[PDB]
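Pasting work12.txt here (compact mmCIF, C-alpha atoms and all ligand atoms):
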```txt
# COMPACT_ATOMS: atom_id res chain seq x y z
CA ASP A 1 19.65 15.59 9.22
CA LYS A 2 17.51 18.63 10.08
CA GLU A 3 14.75 17.71 7.63
CA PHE A 4 14.74 14.14 8.92
CA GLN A 5 14.12 15.53 12.42
CA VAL A 6 11.29 17.73 11.17
CA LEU A 7 9.75 14.67 9.52
CA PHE A 8 10.13 12.61 12.73
CA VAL A 9 8.55 15.28 14.90
CA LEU A 10 5.69 15.64 12.43
CA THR A 11 5.22 11.86 12.21
CA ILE A 12 5.18 11.38 15.98
CA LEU A 13 2.72 14.26 16.42
CA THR A 14 0.50 12.77 13.71
CA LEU A 15 0.51 9.37 15.42
CA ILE A 16 -0.24 11.04 18.76
CA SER A 17 -3.25 12.83 17.29
CA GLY A 18 -4.47 9.57 15.76
CA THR A 19 -3.94 7.65 18.99
CA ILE A 20 -5.87 10.23 21.02
CA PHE A 21 -8.72 10.36 18.51
CA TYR A 22 -9.19 6.63 18.14
CA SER A 23 -8.87 5.88 21.86
CA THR A 24 -11.51 8.52 22.64
CA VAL A 25 -14.10 8.17 19.85
CA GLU A 26 -13.59 4.47 19.03
CA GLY A 27 -12.87 3.43 22.61
CA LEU A 28 -9.57 1.78 21.72
CA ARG A 29 -6.85 1.20 24.24
CA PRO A 30 -4.03 3.64 23.42
CA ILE A 31 -1.80 0.88 22.04
CA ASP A 32 -4.63 -0.25 19.76
CA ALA A 33 -5.19 3.34 18.61
CA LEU A 34 -1.45 3.68 17.93
CA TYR A 35 -1.43 0.41 15.99
CA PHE A 36 -4.43 1.53 13.94
CA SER A 37 -2.86 4.94 13.26
CA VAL A 38 0.38 3.26 12.18
CA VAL A 39 -1.21 0.56 10.01
CA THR A 40 -3.59 3.13 8.45
CA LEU A 41 -1.06 5.83 7.56
CA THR A 42 1.55 3.33 6.28
CA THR A 43 -1.23 1.62 4.24
CA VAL A 44 -0.56 -1.87 5.69
CA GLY A 45 -4.07 -2.06 7.11
CA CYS A 46 -5.63 -4.12 9.91
CA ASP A 47 -8.61 -6.47 10.35
CA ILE A 48 -10.81 -3.82 12.04
CA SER A 49 -12.69 -0.85 10.53
CA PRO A 50 -13.86 2.31 12.37
CA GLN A 51 -17.40 2.05 13.73
CA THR A 52 -18.44 5.65 14.30
CA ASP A 53 -19.41 7.90 11.42
CA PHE A 54 -17.09 10.42 13.03
CA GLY A 55 -14.35 7.78 13.10
CA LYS A 56 -14.85 6.99 9.41
CA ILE A 57 -14.68 10.64 8.36
CA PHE A 58 -11.64 11.27 10.52
CA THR A 59 -9.89 8.22 9.08
CA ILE A 60 -10.46 9.48 5.54
CA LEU A 61 -9.00 12.89 6.44
CA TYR A 62 -6.15 11.39 8.47
CA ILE A 63 -5.16 9.18 5.54
CA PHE A 64 -4.97 11.95 3.00
CA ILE A 65 -3.09 14.23 5.38
CA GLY A 66 -0.71 11.85 7.18
CA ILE A 67 0.03 9.32 4.46
CA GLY A 68 2.50 11.58 2.67
CA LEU A 69 4.11 12.59 5.96
CA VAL A 70 4.62 9.00 7.14
CA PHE A 71 6.05 7.87 3.81
CA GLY A 72 8.40 10.85 3.59
CA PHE A 73 9.61 9.87 7.04
CA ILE A 74 9.91 6.22 5.99
CA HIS A 75 11.98 7.27 2.98
CA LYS A 76 14.33 9.36 5.10
CA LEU A 77 14.45 6.60 7.75
CA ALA A 78 15.56 4.09 5.13
CA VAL A 79 17.88 6.50 3.32
CA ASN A 80 19.63 8.61 5.93
CA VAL A 81 19.82 5.77 8.48
CA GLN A 82 19.08 2.10 7.73
CA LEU A 83 20.44 1.40 4.25
CA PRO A 84 23.58 3.56 4.65
CA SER A 85 24.68 1.92 7.90
CA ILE A 86 24.74 -1.45 6.13
CA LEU A 87 26.45 0.20 3.14
CA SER A 88 29.19 1.40 5.49
CA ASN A 89 29.88 -2.27 6.22
CA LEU A 90 30.34 -3.00 2.50
CA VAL A 91 33.81 -1.40 2.74
CA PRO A 92 35.93 -3.62 5.06
CA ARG A 93 37.67 -1.17 7.37
CA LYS B 1 26.95 -4.91 -11.01
CA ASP B 2 23.87 -6.30 -9.07
CA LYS B 3 25.92 -5.55 -5.87
CA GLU B 4 23.52 -3.17 -4.06
CA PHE B 5 20.61 -5.41 -5.08
CA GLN B 6 22.35 -8.34 -3.43
CA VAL B 7 22.66 -6.27 -0.22
CA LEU B 8 18.96 -5.41 -0.25
CA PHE B 9 18.12 -9.08 -0.85
CA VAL B 10 20.13 -10.28 2.15
CA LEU B 11 18.72 -7.50 4.34
CA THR B 12 15.17 -8.36 3.28
CA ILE B 13 15.71 -12.06 3.95
CA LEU B 14 17.08 -11.40 7.43
CA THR B 15 14.23 -8.99 8.14
CA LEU B 16 11.68 -11.62 7.12
CA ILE B 17 13.53 -14.18 9.29
CA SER B 18 13.37 -11.84 12.27
CA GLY B 19 9.65 -11.32 11.75
CA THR B 20 9.13 -15.06 11.31
CA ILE B 21 10.84 -15.84 14.62
CA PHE B 22 9.11 -13.01 16.45
CA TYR B 23 5.57 -13.74 15.34
CA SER B 24 5.99 -17.52 15.69
CA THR B 25 7.09 -17.30 19.33
CA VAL B 26 5.09 -14.40 20.79
CA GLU B 27 1.93 -14.77 18.67
CA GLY B 28 2.01 -18.58 18.42
CA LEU B 29 1.70 -18.64 14.61
CA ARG B 30 3.11 -21.54 12.65
CA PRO B 31 6.39 -20.41 11.05
CA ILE B 32 4.85 -20.22 7.57
CA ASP B 33 2.05 -18.06 8.94
CA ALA B 34 4.60 -15.84 10.72
CA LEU B 35 6.52 -15.52 7.45
CA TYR B 36 3.29 -14.68 5.66
CA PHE B 37 2.40 -12.05 8.33
CA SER B 38 5.90 -10.54 8.03
CA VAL B 39 5.66 -10.50 4.22
CA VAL B 40 2.14 -9.09 3.86
CA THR B 41 2.85 -6.45 6.50
CA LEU B 42 6.15 -5.21 5.10
CA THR B 43 4.69 -5.19 1.56
CA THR B 44 1.62 -3.34 3.01
CA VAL B 45 -0.87 -5.89 1.62
CA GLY B 46 -1.96 -6.82 5.14
CA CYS B 47 -4.19 -9.74 6.13
CA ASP B 48 -7.27 -10.48 8.20
CA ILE B 49 -5.17 -11.40 11.30
CA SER B 50 -3.84 -8.78 13.75
CA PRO B 51 -1.34 -9.28 16.62
CA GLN B 52 -2.91 -10.10 20.00
CA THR B 53 -0.11 -9.21 22.44
CA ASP B 54 0.84 -5.64 23.32
CA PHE B 55 4.40 -6.71 22.63
CA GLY B 56 3.36 -7.94 19.19
CA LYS B 57 1.76 -4.59 18.37
CA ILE B 58 4.76 -2.57 19.49
CA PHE B 59 7.11 -4.79 17.51
CA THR B 60 4.87 -4.72 14.45
CA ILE B 61 4.80 -0.91 14.46
CA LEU B 62 8.61 -0.74 14.61
CA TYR B 63 8.98 -3.57 12.09
CA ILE B 64 6.73 -1.69 9.67
CA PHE B 65 8.63 1.58 9.90
CA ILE B 66 12.06 -0.03 9.60
CA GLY B 67 11.30 -2.72 7.04
CA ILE B 68 8.99 -1.03 4.55
CA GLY B 69 11.93 0.99 3.24
CA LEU B 70 14.13 -2.10 2.94
CA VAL B 71 11.51 -4.44 1.45
CA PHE B 72 10.41 -1.81 -1.04
CA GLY B 73 13.98 -0.77 -1.86
CA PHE B 74 14.52 -4.43 -2.62
CA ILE B 75 11.40 -4.56 -4.82
CA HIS B 76 12.57 -1.37 -6.57
CA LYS B 77 16.02 -2.76 -7.30
CA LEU B 78 14.49 -6.11 -8.28
CA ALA B 79 12.44 -4.23 -10.87
CA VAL B 80 15.37 -2.04 -11.98
CA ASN B 81 18.16 -4.62 -12.14
CA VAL B 82 16.27 -7.82 -12.99
CA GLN B 83 12.73 -7.13 -14.24
CA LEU B 84 13.18 -4.01 -16.37
CA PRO B 85 16.36 -5.42 -17.97
CA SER B 86 14.87 -8.80 -19.02
CA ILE B 87 11.83 -7.14 -20.66
CA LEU B 88 13.48 -4.36 -22.68
CA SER B 89 16.46 -6.58 -23.55
CA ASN B 90 13.83 -8.79 -25.23
CA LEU B 91 12.18 -5.78 -26.97
CA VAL B 92 15.04 -5.81 -29.52
CA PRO B 93 15.27 -7.49 -32.92
CA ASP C 1 2.80 3.27 -26.37
CA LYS C 2 4.73 0.06 -27.07
CA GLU C 3 6.04 -0.24 -23.52
CA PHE C 4 2.56 0.40 -22.14
CA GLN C 5 1.32 -2.56 -24.22
CA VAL C 6 4.12 -4.78 -22.95
CA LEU C 7 3.17 -3.81 -19.40
CA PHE C 8 -0.52 -4.54 -20.07
CA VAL C 9 0.18 -7.95 -21.57
CA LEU C 10 2.46 -8.79 -18.65
CA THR C 11 -0.11 -7.57 -16.12
CA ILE C 12 -2.97 -9.52 -17.67
CA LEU C 13 -0.84 -12.68 -17.85
CA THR C 14 0.15 -12.22 -14.21
CA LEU C 15 -3.48 -11.87 -13.15
CA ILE C 16 -4.39 -14.93 -15.22
CA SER C 17 -1.71 -17.00 -13.49
CA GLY C 18 -2.92 -15.79 -10.10
CA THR C 19 -6.57 -16.48 -10.96
CA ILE C 20 -5.78 -20.02 -12.12
CA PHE C 21 -3.65 -20.75 -9.06
CA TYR C 22 -6.08 -19.46 -6.47
CA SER C 23 -9.16 -21.02 -8.09
CA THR C 24 -7.41 -24.41 -8.19
CA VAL C 25 -5.47 -24.61 -4.89
CA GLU C 26 -7.70 -22.36 -2.76
CA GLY C 27 -10.95 -23.44 -4.41
CA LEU C 28 -11.98 -19.88 -5.25
CA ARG C 29 -14.43 -19.09 -7.98
CA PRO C 30 -12.45 -17.48 -10.83
CA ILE C 31 -13.84 -14.02 -10.08
CA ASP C 32 -12.79 -14.39 -6.45
CA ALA C 33 -9.31 -15.52 -7.52
CA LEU C 34 -9.08 -12.53 -9.88
CA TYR C 35 -10.19 -10.17 -7.11
CA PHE C 36 -7.62 -11.65 -4.73
CA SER C 37 -4.87 -11.43 -7.35
CA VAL C 38 -5.79 -7.80 -8.05
CA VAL C 39 -6.12 -6.72 -4.41
CA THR C 40 -2.89 -8.57 -3.50
CA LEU C 41 -0.64 -7.25 -6.26
CA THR C 42 -1.94 -3.66 -5.98
CA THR C 43 -1.48 -3.90 -2.16
CA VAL C 44 -5.10 -2.88 -1.37
CA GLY C 45 -5.74 -6.19 0.39
CA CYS C 46 -8.93 -8.11 1.22
CA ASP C 47 -10.57 -9.64 4.31
CA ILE C 48 -9.47 -13.22 3.46
CA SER C 49 -6.04 -14.89 3.79
CA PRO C 50 -4.81 -18.00 1.89
CA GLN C 51 -5.45 -21.26 3.74
CA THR C 52 -3.06 -23.72 2.13
CA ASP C 53 0.63 -23.68 2.94
CA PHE C 54 1.11 -23.84 -0.82
CA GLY C 55 -1.22 -20.86 -1.20
CA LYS C 56 0.73 -18.85 1.38
CA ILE C 57 4.09 -19.54 -0.26
CA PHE C 58 2.72 -18.76 -3.70
CA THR C 59 1.22 -15.50 -2.45
CA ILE C 60 4.58 -14.42 -1.05
CA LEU C 61 6.30 -15.16 -4.38
CA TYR C 62 3.48 -13.62 -6.43
CA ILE C 63 3.69 -10.41 -4.42
CA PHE C 64 7.40 -9.91 -4.86
CA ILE C 65 7.24 -10.74 -8.56
CA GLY C 66 4.00 -9.09 -9.69
CA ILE C 67 3.86 -6.05 -7.43
CA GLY C 68 6.40 -4.10 -9.47
CA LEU C 69 4.74 -5.16 -12.72
CA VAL C 70 1.26 -4.07 -11.63
CA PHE C 71 2.47 -0.72 -10.32
CA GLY C 72 4.50 -0.01 -13.45
CA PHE C 73 1.33 -0.68 -15.40
CA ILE C 74 -0.69 1.53 -13.03
CA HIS C 75 1.83 4.33 -13.54
CA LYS C 76 1.65 4.07 -17.31
CA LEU C 77 -2.16 3.73 -17.15
CA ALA C 78 -2.40 6.97 -15.19
CA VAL C 79 0.29 8.77 -17.20
CA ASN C 80 -0.12 7.78 -20.84
CA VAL C 81 -3.93 7.58 -20.62
CA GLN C 82 -6.04 8.87 -17.70
CA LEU C 83 -4.40 12.08 -16.51
CA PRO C 84 -3.48 13.33 -20.01
CA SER C 85 -6.99 12.94 -21.41
CA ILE C 86 -8.28 15.28 -18.70
CA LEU C 87 -5.30 17.57 -19.30
CA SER C 88 -6.33 17.81 -22.96
CA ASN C 89 -9.60 19.31 -21.72
CA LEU C 90 -7.71 22.01 -19.79
CA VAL C 91 -7.14 23.81 -23.12
CA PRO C 92 -10.58 24.92 -24.43
CA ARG C 93 -10.54 23.96 -28.10
CA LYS D 1 0.34 27.83 -9.84
CA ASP D 2 -1.59 25.02 -7.95
CA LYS D 3 -3.44 24.44 -11.31
CA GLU D 4 -2.60 20.75 -11.93
CA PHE D 5 -3.19 20.05 -8.23
CA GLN D 6 -6.66 21.53 -8.56
CA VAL D 7 -7.32 19.16 -11.50
CA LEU D 8 -6.21 16.12 -9.50
CA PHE D 9 -8.39 17.26 -6.59
CA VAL D 10 -11.52 17.51 -8.72
CA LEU D 11 -10.77 14.18 -10.41
CA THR D 12 -10.24 12.49 -7.04
CA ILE D 13 -13.47 13.94 -5.66
CA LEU D 14 -15.49 12.74 -8.65
CA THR D 15 -13.83 9.33 -8.44
CA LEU D 16 -14.76 9.03 -4.77
CA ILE D 17 -18.32 10.16 -5.62
CA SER D 18 -18.57 7.47 -8.30
CA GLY D 19 -17.37 4.83 -5.85
CA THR D 20 -19.75 6.13 -3.19
CA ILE D 21 -22.76 5.83 -5.52
CA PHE D 22 -21.68 2.45 -6.84
CA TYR D 23 -21.03 0.75 -3.53
CA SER D 24 -24.09 2.31 -1.86
CA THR D 25 -26.49 0.99 -4.50
CA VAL D 26 -25.09 -2.41 -5.51
CA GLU D 27 -23.55 -3.39 -2.15
CA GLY D 28 -26.18 -1.73 0.06
CA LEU D 29 -23.65 0.20 2.16
CA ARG D 30 -24.65 3.45 3.80
CA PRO D 31 -23.17 6.32 1.77
CA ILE D 32 -20.51 7.07 4.39
CA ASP D 33 -19.48 3.42 4.37
CA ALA D 34 -19.36 3.44 0.56
CA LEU D 35 -17.18 6.56 0.70
CA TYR D 36 -14.97 4.87 3.26
CA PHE D 37 -14.71 1.71 1.08
CA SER D 38 -13.84 3.87 -1.96
CA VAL D 39 -11.24 5.81 0.04
CA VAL D 40 -9.52 2.89 1.78
CA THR D 41 -9.43 0.91 -1.47
CA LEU D 42 -8.01 3.65 -3.68
CA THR D 43 -5.45 4.55 -0.99
CA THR D 44 -4.67 0.79 -0.68
CA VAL D 45 -5.29 0.71 3.09
CA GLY D 46 -8.18 -1.70 2.61
CA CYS D 47 -10.71 -2.78 5.25
CA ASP D 48 -12.24 -5.91 6.71
CA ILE D 49 -15.26 -5.76 4.31
CA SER D 50 -15.13 -7.16 0.75
CA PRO D 51 -17.74 -6.75 -2.04
CA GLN D 52 -20.39 -9.48 -2.19
CA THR D 53 -21.72 -9.13 -5.75
CA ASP D 54 -19.81 -10.30 -8.82
CA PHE D 55 -20.59 -6.88 -10.26
CA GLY D 56 -19.06 -5.25 -7.19
CA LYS D 57 -15.85 -7.25 -7.60
CA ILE D 58 -15.50 -6.45 -11.28
CA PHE D 59 -16.10 -2.76 -10.64
CA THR D 60 -13.72 -2.72 -7.68
CA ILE D 61 -10.92 -4.24 -9.77
CA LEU D 62 -11.38 -1.59 -12.49
CA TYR D 63 -11.83 1.18 -9.92
CA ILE D 64 -8.54 0.17 -8.28
CA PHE D 65 -6.55 0.17 -11.50
CA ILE D 66 -7.96 3.48 -12.74
CA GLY D 67 -8.13 5.39 -9.46
CA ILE D 68 -4.93 4.44 -7.65
CA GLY D 69 -2.95 6.56 -10.10
CA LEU D 70 -5.30 9.53 -9.69
CA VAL D 71 -5.69 9.34 -5.91
CA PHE D 72 -1.95 8.91 -5.42
CA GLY D 73 -1.09 11.60 -7.98
CA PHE D 74 -3.34 13.82 -5.92
CA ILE D 75 -1.57 12.82 -2.69
CA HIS D 76 1.79 13.43 -4.40
CA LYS D 77 0.81 16.91 -5.57
CA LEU D 78 -0.80 17.62 -2.19
CA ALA D 79 2.57 16.85 -0.61
CA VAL D 80 4.55 18.78 -3.24
CA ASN D 81 2.41 21.91 -3.58
CA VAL D 82 0.87 22.22 -0.11
CA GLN D 83 2.66 20.06 2.48
CA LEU D 84 6.32 20.39 1.47
CA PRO D 85 5.94 24.16 0.92
CA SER D 86 4.35 24.96 4.33
CA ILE D 87 7.06 23.01 6.23
CA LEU D 88 10.23 24.29 4.56
CA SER D 89 8.80 27.81 4.24
CA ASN D 90 8.64 27.67 8.06
CA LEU D 91 12.22 26.28 8.32
CA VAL D 92 13.54 29.81 7.68
CA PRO D 93 14.54 32.54 10.14
CA CA E 101 2.11 1.81 -1.63
CA CA E 102 -6.94 -5.87 5.32
CA CA E 103 -11.00 -9.45 8.46
CL CL E 104 -3.09 0.76 26.61
CL CL E 105 4.91 -26.08 10.70
CL CL E 106 -16.81 -17.48 -11.39
CL CL E 107 -26.90 7.60 6.11
RB RB E 108 -1.12 -0.96 0.86
RB RB E 109 -3.36 -2.81 2.56
```

Do you think you could lay out the structure here as structure tokens?
Amino acid sequence: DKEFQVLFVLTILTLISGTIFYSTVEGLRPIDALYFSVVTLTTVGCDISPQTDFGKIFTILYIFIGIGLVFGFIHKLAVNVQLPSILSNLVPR
Amino acid sequence: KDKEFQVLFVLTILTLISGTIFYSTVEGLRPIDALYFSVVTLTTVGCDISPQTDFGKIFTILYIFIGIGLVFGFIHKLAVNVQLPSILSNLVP
Amino acid sequence: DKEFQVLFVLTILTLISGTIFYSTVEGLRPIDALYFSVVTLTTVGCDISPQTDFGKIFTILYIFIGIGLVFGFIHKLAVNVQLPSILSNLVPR
Amino acid sequence: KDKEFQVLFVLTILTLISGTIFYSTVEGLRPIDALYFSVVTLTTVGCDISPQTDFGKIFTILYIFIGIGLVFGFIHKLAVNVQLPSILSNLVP
């Protein structure tokens, strides 16, 4: 779906921005920055908190701005792709 | 009916099994702790443990994106086909 | 609203059950058990995880069963009470 | 329009201010850390810190119940009146 693609591109770009930020300012390895971006914007959460005042402020802003994006993408991911595939199997061809 | 709900239940169970196996082997958690990690992640509660392997972080990211929509679709249908019915149905003479 | 009251009574009973369980099996002070019940069922999360296998299993079950209840109550709390009061102030009597 | 959205924005800001003041005085957090705690709690991300005073736990429980609906209503309207419009409006010739 076109909208689903827009939401994917936006989500990936958001997670790239978060990865870059947290690997630079917080000194995280990229994978750790990606994990933190993912677990922050999806609201799962992790065992670590940001240590720089700049990191804390950015995380606040990143949450409010990316949370809705990531959950719109999760909704479309579940609805235009995961649940329907299984529901195609409910009819025995 | 409770036919879609059954589908979401089986999908959620298999998802939690996959997470259980994954986190028990790669992260060395006991199976109950792997099931707990799978459950608290996909429900977004989270916990004070975080994966230690780069493989575990990559998998957890993908597991989050794919399984939040299933686990919460299951919770939604559990509320709409089992919880909401039993309450209202009892709010009658 | 009648339904709002049903949801409150259910929510309070749920948090009582969780408080009792976690203070007995996990040895938490009641307030700590109440905090854990609250932060678990609302998905905020805390810095501690359950330590007993029994505690872990119960938390899994408690999440799936109480999560929908607590968020239905949060919705009605925001919608039949908090947001509307403020919206009554939007019209200058 | 963006009139209800403005109301949710001001309510969210005042809620975050209240949390900031509360957690800075009773829990001895720096103000930025109190703002962070308020923000990650009400967005349900959570963090590795937990309140130490019994007063802080009681307040946090009430703050969660009252402010999740506001903070997420604000995120919903931010997505529906600011984020969804700017994307689609740009998905035109
Ligand atoms: Ca949520
Ligand atoms: Ca946490
Ligand atoms: Ca921790
Ligand atoms: Cl890396
Ligand atoms: Cl075992
Ligand atoms: Cl106590
Ligand atoms: Cl300061
Ligand atoms: Rb959460
Ligand atoms: Rb969380």

Residues within 9 Å of ligand RB 109 (chain E), counting only C-alpha atoms and all ligand atoms, as a ChimeraX atom specification
/A:39-40,42-46 /B:40-41,43-47 /C:39-40,42-46 /D:40-41,43-47

Within 9 Å of chain C, which residues of chain D show up? Give each one with its shortest atom-to-atom distance in Å (one decimal) and the two atoms involved, counting all atoms listed in the file, rows by chain then rising residue number, as a tab-separated table.
```
residue	atom	partner	partner_atom	distance
D:4	CA	C:87	CA	8.5
D:7	CA	C:87	CA	8.2
D:8	CA	C:83	CA	8.3
D:11	CA	C:86	CA	8.7
D:40	CA	C:44	CA	7.9
D:41	CA	C:44	CA	5.8
D:42	CA	C:44	CA	7.5
D:43	CA	C:44	CA	7.4
D:44	CA	C:44	CA	3.8
D:45	CA	C:44	CA	5.7
D:46	CA	C:44	CA	5.2
D:47	CA	C:46	CA	6.9
D:48	CA	C:47	CA	4.7
D:49	CA	C:47	CA	6.1
D:50	CA	C:46	CA	6.3
D:54	CA	C:31	CA	7.1
D:57	CA	C:35	CA	6.4
D:58	CA	C:35	CA	7.7
D:60	CA	C:35	CA	8.3
D:61	CA	C:38	CA	6.5
D:64	CA	C:42	CA	8.0
D:65	CA	C:74	CA	6.2
D:66	CA	C:78	CA	7.0
D:67	CA	C:78	CA	8.3
D:68	CA	C:74	CA	7.4
D:69	CA	C:78	CA	5.1
D:70	CA	C:78	CA	6.7
D:73	CA	C:78	CA	8.7
```

Taking only C-alpha atoms and all ligand atoms into account, produce a table as CSV in which each residue of chain B with an atom at most 10 Å from an atom of ligand CL 105 (chain E) appears once, together with its shortest atom pair and the distance in Å to one decimal, ordered by chain and rising number.
```
residue,atom,partner,partner_atom,distance
B:24,CA,E:CL105,CL,10.0
B:29,CA,E:CL105,CL,9.0
B:30,CA,E:CL105,CL,5.3
B:31,CA,E:CL105,CL,5.9
B:32,CA,E:CL105,CL,6.6
B:33,CA,E:CL105,CL,8.7
```

Please write out, as AutoDock Vina command-line options, where the centre of an axis-aligned box around all listed atoms of range 2-5 of chain C lies and how long its edges are, in Å to one decimal, after adding 3 Å on each side.
```
--center_x 3.7 --center_y -1.1 --center_z -24.6 --size_x 10.7 --size_y 9.0 --size_z 10.9
```

Tell me, as a ChimeraX atom specification, which residues lie within 10 Å of residue 68 in chain C, counting only C-alpha atoms; anything in the same chain fewer than 2 positions away does not count.
/B:72,75-80,83-84 /C:11,41-42,63-66,70-74

Could those residues be written to a file, using C-alpha atoms, as a CSV table (one decimal), keeping the file's coordinate frame?
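Resulting contents of part.csv:
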```csv
chain,number,residue,atom,x,y,z
B,72,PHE,CA,10.4,-1.8,-1.0
B,75,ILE,CA,11.4,-4.6,-4.8
B,76,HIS,CA,12.6,-1.4,-6.6
B,77,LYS,CA,16.0,-2.8,-7.3
B,78,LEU,CA,14.5,-6.1,-8.3
B,79,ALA,CA,12.4,-4.2,-10.9
B,80,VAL,CA,15.4,-2.0,-12.0
B,83,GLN,CA,12.7,-7.1,-14.2
B,84,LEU,CA,13.2,-4.0,-16.4
C,11,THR,CA,-0.1,-7.6,-16.1
C,41,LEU,CA,-0.6,-7.2,-6.3
C,42,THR,CA,-1.9,-3.7,-6.0
C,63,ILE,CA,3.7,-10.4,-4.4
C,64,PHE,CA,7.4,-9.9,-4.9
C,65,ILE,CA,7.2,-10.7,-8.6
C,66,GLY,CA,4.0,-9.1,-9.7
C,70,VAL,CA,1.3,-4.1,-11.6
C,71,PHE,CA,2.5,-0.7,-10.3
C,72,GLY,CA,4.5,0.0,-13.4
C,73,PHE,CA,1.3,-0.7,-15.4
C,74,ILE,CA,-0.7,1.5,-13.0
```

Can you work out the spacing between CA of residue 2 in chain D and atom CA of ligand CA 101 (chain E) in Å, to one decimal?
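That distance, rounded to one decimal, is 24.3 Å.
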
Shell of 9 Å around residue 26 in chain B, all atoms listed in the file, local chain residues under 5 positions omitted, as a PyMOL selection string:
chain B and resi 21+53+55-56

Rank nothing, just name the residue among B:51, B:36, B:71, B:27 nearest to ligand CA 101 (chain E), using only C-alpha atoms and all ligand atoms.
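Distance minimum relative to ligand CA 101 (chain E) lands on B:71.
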
Which polymer residues have any atom within 9 Å of an atom of residue 21 in chain A, counting all atoms listed in the file, with same-chain residues fewer than 5 positions away left out, as an MDAnalysis selection string?
chainID A and resid 16 26 33 55 58

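One finds CA of residue 25 in chain C at 28.5 Å from CA of residue 18 in chain B.
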
Measuring atom to atom with only C-alpha atoms and all ligand atoms, identify which of C:50, C:27, C:84, C:92 is nearest to ligand CL 106 (chain E).
C:27

For the atom pair atom CL of ligand CL 104 (chain E) and CA of residue 38 in chain B, what is the interatomic distance in Å to one decimal place?
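One can read the atom CL of ligand CL 104 (chain E) to CA of residue 38 in chain B distance as 23.5 Å.
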
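Between ligand CA 103 (chain E) and the residues A:5, A:49, A:59, A:85, the shortest atom-to-atom distance, using all atoms listed in the file, involves A:49.
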
Can you sort out range 1-13 of chain B so it carries N, CA and C atoms, written as a JSON list (two decimals), in the coordinates of the input?
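Now in part27.json:
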```json
[["chain", "number", "residue", "atom", "x", "y", "z"],
["B", 1, "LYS", "N", 26.91, -5.56, -12.35],
["B", 1, "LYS", "CA", 26.95, -4.91, -11.01],
["B", 1, "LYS", "C", 26.11, -5.75, -10.05],
["B", 2, "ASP", "N", 24.78, -5.58, -10.01],
["B", 2, "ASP", "CA", 23.87, -6.30, -9.07],
["B", 2, "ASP", "C", 24.60, -6.53, -7.75],
["B", 3, "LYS", "N", 25.18, -5.48, -7.16],
["B", 3, "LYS", "CA", 25.92, -5.55, -5.87],
["B", 3, "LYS", "C", 25.06, -4.92, -4.78],
["B", 4, "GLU", "N", 24.47, -3.75, -5.01],
["B", 4, "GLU", "CA", 23.52, -3.17, -4.06],
["B", 4, "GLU", "C", 22.29, -4.06, -3.93],
["B", 5, "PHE", "N", 21.74, -4.49, -5.08],
["B", 5, "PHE", "CA", 20.61, -5.41, -5.08],
["B", 5, "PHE", "C", 20.85, -6.63, -4.22],
["B", 6, "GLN", "N", 22.06, -7.17, -4.26],
["B", 6, "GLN", "CA", 22.35, -8.34, -3.43],
["B", 6, "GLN", "C", 22.22, -7.96, -1.96],
["B", 7, "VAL", "N", 22.70, -6.75, -1.61],
["B", 7, "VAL", "CA", 22.66, -6.27, -0.22],
["B", 7, "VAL", "C", 21.22, -6.13, 0.24],
["B", 8, "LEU", "N", 20.36, -5.55, -0.61],
["B", 8, "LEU", "CA", 18.96, -5.41, -0.25],
["B", 8, "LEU", "C", 18.28, -6.77, -0.12],
["B", 9, "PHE", "N", 18.67, -7.73, -0.97],
["B", 9, "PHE", "CA", 18.12, -9.08, -0.85],
["B", 9, "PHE", "C", 18.48, -9.72, 0.48],
["B", 10, "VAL", "N", 19.75, -9.65, 0.88],
["B", 10, "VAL", "CA", 20.13, -10.28, 2.15],
["B", 10, "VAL", "C", 19.45, -9.56, 3.32],
["B", 11, "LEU", "N", 19.39, -8.23, 3.27],
["B", 11, "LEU", "CA", 18.72, -7.50, 4.34],
["B", 11, "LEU", "C", 17.24, -7.87, 4.43],
["B", 12, "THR", "N", 16.57, -7.98, 3.28],
["B", 12, "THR", "CA", 15.17, -8.36, 3.28],
["B", 12, "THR", "C", 14.97, -9.76, 3.84],
["B", 13, "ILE", "N", 15.84, -10.69, 3.45],
["B", 13, "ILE", "CA", 15.71, -12.06, 3.95],
["B", 13, "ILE", "C", 15.87, -12.09, 5.46]]
```
